[PDB]
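Protein chains in written order, with our numbering: chain P, 120 to 480; chain R, 146 to 152; chain V, 21 to 229; chain C, 10 to 795; chain W, 60 to 117; chain B, 3 to 86.
For every residue, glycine included, the Cβ atom is placed at its ideal position computed from N, Cα and C.
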Amino acid sequence: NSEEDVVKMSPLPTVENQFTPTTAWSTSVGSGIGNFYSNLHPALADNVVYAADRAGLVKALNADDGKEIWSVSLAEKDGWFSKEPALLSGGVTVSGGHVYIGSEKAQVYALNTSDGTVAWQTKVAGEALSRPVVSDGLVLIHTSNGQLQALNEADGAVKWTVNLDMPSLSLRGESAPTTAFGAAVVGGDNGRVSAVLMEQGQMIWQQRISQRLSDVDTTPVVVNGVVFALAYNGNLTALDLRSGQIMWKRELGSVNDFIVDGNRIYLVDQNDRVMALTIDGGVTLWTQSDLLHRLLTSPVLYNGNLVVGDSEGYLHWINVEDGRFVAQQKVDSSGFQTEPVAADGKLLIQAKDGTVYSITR
Amino acid sequence: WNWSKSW
Amino acid sequence: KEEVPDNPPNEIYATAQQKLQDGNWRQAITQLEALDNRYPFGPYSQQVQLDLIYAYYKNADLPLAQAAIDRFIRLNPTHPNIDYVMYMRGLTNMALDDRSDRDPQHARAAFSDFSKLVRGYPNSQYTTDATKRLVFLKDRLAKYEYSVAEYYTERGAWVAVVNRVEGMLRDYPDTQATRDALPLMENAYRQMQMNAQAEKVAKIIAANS
Amino acid sequence: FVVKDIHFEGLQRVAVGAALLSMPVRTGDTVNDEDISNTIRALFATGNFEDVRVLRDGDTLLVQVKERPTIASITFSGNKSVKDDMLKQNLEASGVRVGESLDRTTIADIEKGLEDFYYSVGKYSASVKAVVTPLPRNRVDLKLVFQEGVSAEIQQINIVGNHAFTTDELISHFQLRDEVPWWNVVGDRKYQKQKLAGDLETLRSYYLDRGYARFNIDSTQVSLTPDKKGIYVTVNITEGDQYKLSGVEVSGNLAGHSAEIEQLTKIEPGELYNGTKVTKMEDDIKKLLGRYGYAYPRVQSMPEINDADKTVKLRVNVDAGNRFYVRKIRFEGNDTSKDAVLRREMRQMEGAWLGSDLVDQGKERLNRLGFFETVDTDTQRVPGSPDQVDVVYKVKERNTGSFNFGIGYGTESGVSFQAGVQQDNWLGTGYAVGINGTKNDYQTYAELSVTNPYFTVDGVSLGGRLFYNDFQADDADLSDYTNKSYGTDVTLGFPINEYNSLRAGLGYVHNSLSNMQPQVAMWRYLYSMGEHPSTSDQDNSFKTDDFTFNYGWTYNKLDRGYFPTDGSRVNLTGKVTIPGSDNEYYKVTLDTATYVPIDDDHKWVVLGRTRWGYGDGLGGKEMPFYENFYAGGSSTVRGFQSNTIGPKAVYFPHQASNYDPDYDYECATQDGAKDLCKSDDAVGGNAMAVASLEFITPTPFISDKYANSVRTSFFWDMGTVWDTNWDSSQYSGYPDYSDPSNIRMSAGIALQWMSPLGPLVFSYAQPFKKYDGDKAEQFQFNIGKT
Amino acid sequence: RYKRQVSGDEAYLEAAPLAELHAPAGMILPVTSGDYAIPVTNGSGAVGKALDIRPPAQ
Amino acid sequence: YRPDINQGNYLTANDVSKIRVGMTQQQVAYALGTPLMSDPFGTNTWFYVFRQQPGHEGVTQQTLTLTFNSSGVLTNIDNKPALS
């Protein structure tokens, strides 16, 4: 009885820290997302950090000291003994004094930022696995059936639904639509980037950007009227926001998100190759293939450097200009899987144990 | 336990 | 693992022939397989195939012999020395028969093969042995049918016994199983109170024994 | 271009004539560019050439062709989880096999085929590499290097849309698993399409049995994590409201049996709609129609649903077919098992009208025999006859022999070893010969058994058994005596109802007793047999021969072998020595178990067990002390040390074997003993009565996914054993052991399940009623089942 | 295997001759259909270890 | 103890009354079916036997002998509703 992997996990790189990172505080949330594949991560709004765990617990923490403001358990209990898990899997979002959290039971909760009381709770078509995007007074959810639904912020009733085709075999997780100029662009698990009007849900256009071969898009981004969409095992593409004509393409696929800054596109290939392409034509600037098959996380641009987690929990700071490691740190032993969040000069990351860590320098 | 191997 | 040096076909073939003459089989299969693989279209591939069929049959690897014989018949239906291949297929099936109660499908296949050999090439040197095996196979099939009739007489079904003995008289009229099974049909008729037919079968029995 | 000659360059295997036939162009005809291109394409598609070049020489048409190298051998490296033979079969089915040619451009095709095979078998990240090694004579070797990778296992089975039943309860019955505890045996944690379809059907049947007629599975999703090491399954469903069964109507060509069919479709107005009961009704109608000679009596049910009042009204359509007669039952594949062995398991009879249910019963019986891997049926119509068939059974045979060696533990018996060699189909004759042996803390048993299961076509069996049994009493919490016995046995068996099974037989048993500790119990029996041994020493011996006639009876109505939830088992056994044997006694025993479920899901159960026994001498003698009844232990009365209830020994004053201080001796002569001496070690009595009331409840603290594989019970056992021949007049000072009113009770808890080490059972009992001498043992357990 | 190691190598059995079945007067036995028929073969070839089954030189 | 033993054609007691004398083999075959037994010893005759024997309940048999002629036309019918 023995087990082996087709691709050997890359060795931990050795680097000299130009700056010594630290850990301002580390609060613990119940059992984290465990070993499952979830999009659950913290969020920041007005100097407070909201976190959650797969069990159902939700916590609010001070972004400076880690002090607890309120806590609420969303697992309904039928007495003093029975306790059914809530299975939270939608990334925590905050907007206009609310905390929108998905679930694996096709439920969307909207807790109050004041005292944690449920403002509303809605039933959706399927497992609301995607981040509950918020825009134009609507909450966009991308269920696991391919159905993009738009709940109302105030009431909580499904305003409109749009059906996106689903394949036989797909990758766990869903794409969170990005809204621009009164239109939501979303990428289904069928390799199609589709734009939908918010008023009713009329499909403006739909383009295939793919290449038993599966694919997934995971949140195409928008800049200056061009939509950058990266399909798993497919090819990164730039589409016109209005017509959908492919402007340029490149053969590289991934599921974890990427980022665009100035005239550069930093992304993490599926084989864990942190690359930096150019918007104009996608001509590569540098590549950092030293973390091959380490199961990295979505990069975050903190203080002009890409921060990325990994399976062992090590947090790597890599530069942008050339692609040289700038530092590494050992934060947690369980490992990092959910994207880091950088905002207000604060970098936060949740491990698989639910221990929210705040990093600095 | 009880192992059972056929001829 | 019984590796064969890359000697020329003549020397390896001579070694294989000498080993066959000596009375050793397991190695002969190895040398002949190596020769055939190394020279699929060699000058004397057919003789190597015949030697391989013989070695396989006499080594108790009957399925391989069946496959090789099927291939030989397919490729060379007009080979002048083909009667040998038909006889070898008959021998292989009759050996697979390896016990009269057990299924006779292999006995039936052997009987069909030997019948084809005898009807196609009656002047060959394997015809007398072919008929001597055909008689035995016919007797064995009749014995199997009689065994089934005897079991159905034990069970208590008097329409399976009659039908099976009628089938035996239709297909195997001149064997020993039929003459031993006629009383079973007489008893089956007697137990259903078809006394006229029982008397007819008794008339058949009396005129013979 | 006119052609006068045809030539080729590079032909090694393909004959000249075959090639000439292949090319449409023939000698003595005009040739142009189109003809040359078509010939080149034909050569390319033939598969025997890699590069084809047709050029025109000065007068002749010269052809340059590079024949593809022929395949010589194939090698595999790294196919740890894939058998080589089946991989080779897959390759040959794909097209690549020994003897044929290898293309230099189809390597990717073979690679992707093997990749598809690995994706099918479970490994979603496997890699394959093909290496081509040229060899002389235009030969080639194809080597395959495999990196199987890590298999993908299920991480979650989720159901969304269910409001009436929790997800764990629904998933409990599925074949696919997401939690596999180490301490339990629930199953693997892999994924397969067939399993998923079967489990969807299981879920549909689970809901339809509660009245959710409008049930509908909207859609199923299967997802993989980006690293392709986990599988997430989701089943979006929609369950309606419970529906009541208003009535049933039957219409069609019933063949004049409406009176006997309308009786089968009676239902209490207001019953909850059910999916199992409707299927059973259809099956009963089918059996009724097939009992009348019909072979394929089609029956369909088309429920009508009225949502206004929530009522389901069935509409049964019955199309009774036409009779078909069997003419031959043919068995093929039974190369070892004789024809009668297969044919005597048949419910269908040759020469009789056909019945599909009978054919299925025959197939099920042949499967239950255990000699065949696969038993397939095929009904072939006889040519030239409109209503005659031949039923053909095709059977794949196993190697039925077996070795086996097991080990177990337990407080009642200590470490118990078992070994055995069995042959269930001796020479394909049907006899089941075997040799068995067991050895635990206080005995060694070794038997040789030979059973004929069909001594008479009806089903009467006939078994024989030689056995040698050595029994050390001192190691079983009894008085000291060693009993080495050996004997034969022959037993018939008459199955009479498919539940009742009588059995009568004879037997001969020779017992040699030695090393007997002086006491009242035996020397009340030795005197009966005429022996007059000395009570001052324990160098005794006694040999007896018995010719017993063993009769019995069984009744096994239990629905399930493991964790039964409804039924009743009864087992009566007897024994009596026919005249001429040294001993003269009769013995009777009666075991009973009865389950009474007290709900609809069969989760809360009541189990009542009893065990009675009585034996005594006939011709003025007593029952031998080595056949007595012992009560108390992990099985009879939980909470008492094994074989402790009942009379206690009353030792005589005797000299020990080799006395030595610091060792406890049963009040021997060298301790100042001059009279009869009490004791606290059981002897067993010749009358036994034990009862037990058990309440089986769901496991309280176990997750509901696998809470049905652990059985929890709260039990109250009671029992007593007494010695009827004991005379209270002479031994007044000592307790009266012939009194049956001395009842011993004990209540407690019990857990049971199956671990990878075998069936584990634990029990904690607190005896709240015990008498002087009884030795209590709160915690008891058994592991491994010998 | 072991069962076939004797039948295949040399073992040979001769069975009893076939004899026709007489039809009593006033009736006819069932038609034979000639399904399993043994045609008469002339000549006296070898049999029973006297017939060499070694392949010829072709 | 044993299963049910059934043999021969199934006679419904209605078809047997549907065949008069003067029809051909085709009509009788259509009405009752193809017999499981015949008279191979020359003379043409069809024996429709309906025999059944359930678990320890004796044997019940109905025999119906049809005698045709040289031209395949029914000539005689002989019905035995039970076995003596």
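Checklist entry - Measuring CA to CA, which of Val65/W, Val90/W, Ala70/W is closest to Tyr192/V? => result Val90/W
Item to check | Sufficient close CB pairs (3 or more, under 8 Å) joining the region 136 to 148 of chain C to the region 673 to 686 of chain C | outcome: no
Next on the checklist: Give me the chain D residues within the contact set of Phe340/C, using Cβ-Cβ distance strictly less than 7 Å, ordered along the chain.
Outcome noted: Chain labels in this structure do not include chain D; the protein chains are P, R, V, C, W and B.
Checklist entry - Once you ignore the five residues that flank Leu20/C on each side, which residues in its own chain have a CB closer than 8 Å to its CB? => result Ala28, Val74, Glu76
Item to check | Positions along the region 116 to 150 of chain V whose CB lies within less than 9 Å of some CB in chain B | outcome: none
Checklist entry - Do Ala441/C and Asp433/C have their CB atoms nearer than 8 Å? => result yes
Checklist entry - Whose Cβ in chain R lies nearer than 8 Å to the Cβ of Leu766/C? => result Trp146
Item to check | Proximity to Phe476/C [Cα-Cα], best of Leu111/C, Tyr127/C, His519/C | outcome: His519/C
Checklist entry - So is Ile7/B in contact with chain C if we call contact Cβ pairs under 8 Å? => result yes
Item to check | Interface flag, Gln203/C vs chain P, CB-CB below 8 Å | outcome: no
Next on the checklist: Quick check on DSSP: helix, strand or coil for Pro203/V?
Outcome noted: helix
Checklist entry - Hey, is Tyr595/C's beta-carbon within less than 8 Å of any beta-carbon in chain B? => result no
Checklist entry - For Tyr773/C versus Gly793/C, is the C-beta distance shorter than 8 Å? => result no
Next on the checklist: Please report the distance separating the alpha-carbon of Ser666/C from that of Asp546/C.
Outcome noted: 8 Å
Checklist entry - Can you list the residues of chain C that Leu290/P reaches, using a CB-CB cut of under 8 Å? => result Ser232, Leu233, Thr234, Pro235
Item to check | Contact list for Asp396/C against chain B, beta-carbon separation under 8 Å | outcome: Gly35, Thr36
Checklist entry - Can you list, in chain order, the residues of the region 353 to 372 of chain C whose Cβ is nearer than 7 Å to any Cβ on chain B? => result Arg356, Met358, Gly360, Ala361, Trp362
Checklist entry - To the nearest angstrom, how far is it from the Cα of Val469/C to the Cα of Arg407/C? => result 26 Å
Checklist entry - Between which two residues does the alpha helix (DSSP H) carrying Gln364/P extend? => result Counting along the chain, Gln364/P falls outside any alpha helix (DSSP H), and DSSP gives it neither H nor E.
Next on the checklist: To the nearest angstrom, how far is the alpha carbon of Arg106/C from that of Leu288/P?
Outcome noted: 32 Å
Next on the checklist: Strictly under 8 Å for the Cβ-Cβ distance: is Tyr50/B near chain C by that measure?
Outcome noted: no
Next on the checklist: Given the structure, does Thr47/B come close to the ligand FMN, in the sense that its CB is under 7 Å from one of the ligand's heavy atoms?
Outcome noted: The ligand FMN is absent from the structure shown, which contains no ligands of any kind.
Next on the checklist: With three or more C-beta pairs closer than 8 Å as the rule, is the region 149 to 162 of chain C touching the region 178 to 185 of chain C?
Outcome noted: no
Item to check | Where the region 266 to 291 of chain C meets chain B: residues whose CB sits under 9 Å from a CB there | outcome: none
Checklist entry - Can a CB atom of chain W be found closer than 8 Å to the CB of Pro42/B? => result yes
Item to check | Beta-carbon neighbours of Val374/P, restricted to chain C and to distances below 9 Å | outcome: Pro235
Checklist entry - Looking only at DSSP bridge pairs, what is residue 485/P linked to? => result What is shown of chain P runs 120 to 480, which leaves residue 485/P out entirely.
Next on the checklist: Quick check: what's the CA-CA separation for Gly442/P versus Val335/P?
Outcome noted: 27 Å
Next on the checklist: Contact criterion: CB-CB distance below 8 Å. Does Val614/C meet it with respect to chain V?
Outcome noted: no
Item to check | residue 118/W, buried or exposed, once every other Cβ within 10 Å from all chains shown has been counted against 16 | outcome: An answer regarding residue 118/W cannot be provided, because it is not within the stretch 60 to 117 covered by chain W.
Next on the checklist: I'd like to check one pair, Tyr746/C with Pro633/C: are the Cβ atoms closer than 8 Å?
Outcome noted: no
Item to check | Chain-ordered neighbours of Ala225/P on chain C, where CB pairs are closer than 7 Å | outcome: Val169
Next on the checklist: Runs of 3 residues minimum, wholly inside the region 580 to 658 of chain C: which ones carry the beta strand (DSSP E) assignment?
Outcome noted: 594 to 604, 614 to 626
Next on the checklist: Run through the DSSP bridge pairs and tell me what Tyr385/P is partnered with.
Outcome noted: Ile378/P, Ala395/P
Checklist entry - If we cut at 8 Å on Cβ distances, does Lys778/C have a partner in chain V? => result no
Next on the checklist: Cβ closer than 7 Å: which chain V residues qualify as neighbours of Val466/C?
Outcome noted: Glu174, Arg175
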